[PDB]
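The chain that follows stands alone, in the form solved without this ligand, written as structure tokens.
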């Protein structure tokens, strides 16, 4: 399906493309994204659309306003039965598997705090953070929920073994410069410079030969793909069991 169709399918995702550089901006009515079942499932479907559309040369992922995503509407999720958890398991797999199936480089521009699926931006090939960006996993273990949704794969992968486990268990908040030092972020920029820097990088990548661009991505995500396939759905099933047990 062509850009003109899918670019307007998503209430929580603005999609704008210029010169084959796709800017994907998550949002709730134009304010910082409030995480919902709807935003979750839209991102999974949107990632699929982006991946299937060859005219996307490079992807920039960002939020809007003061936060990337640090608010949630728990009333929007059904977390009580195996029935409802299989819906979450199935689209949770597609969320991260569709992200990794995108075959062009992905740049994150983290504009502010993220506490819901904070692993998504740090799965990108280039990670840029505003001075105010932070990363934190409060909705999992600090809230009595298994970090089994990809968090358990990605954070030890990107922070290393012990920083990753500690981050996940203690609710540590990583600010922009700590994330930079831990190697999860590549550049810290003022808020005003963040998106211009993403576009500059993206344009440079977009100028490279078609197949060079596409294959850079493919050769660079091999190990992440292997560990996601190994551990993601095991995490999700365990997180589901633990969550159902609360009732």
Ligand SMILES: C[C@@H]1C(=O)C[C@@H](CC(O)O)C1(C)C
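Positions refer to the first chain, counted from 1.
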| item | value |
| --- | --- |
| Between 126 to 134 and 72 to 80 (mean CA B-factor, as deposited), the higher | 72 to 80 |
| Entry-level comparison of average CA B-factors, 83 to 91 and 112 to 120, reporting the higher stretch | 83 to 91 |
| From 52, 179, 189, 60, residue of greatest CA B-factor | 52 |
| Entry-reported Cα temperature factor of residue 183, expressed as the chain third it lands in | lowest |
| Cα B factor band for residue 217 (lowest, middle or highest third within the chain) | middle |
| Third of chain Cα B-factors occupied by residue 15 | highest |
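Another form, the form solved in complex with this ligand, is not on view; read the next lines as being about it.
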{"item": "Candidate spot 35, 88 and 140, all three touching this ligand in the deposited bound form (heavy atom, 4.5 Å)", "value": "yes"}
{"item": "Interface stretch in the deposited bound form with this ligand - options 101 to 109, 126 to 134, 166 to 174, 72 to 80, non-hydrogen atom within 4.5 Å", "value": "72 to 80"}
{"item": "Contact of residue 27 with this ligand in the deposited bound form (heavy atom, 4.5 Å)", "value": "no"}
{"item": "4.5 Å heavy atom contact, residue 57 and this ligand in the deposited bound form", "value": "no"}
{"item": "This ligand contact at residue 40 in the deposited bound form, heavy atom, 4.5 Å", "value": "yes"}
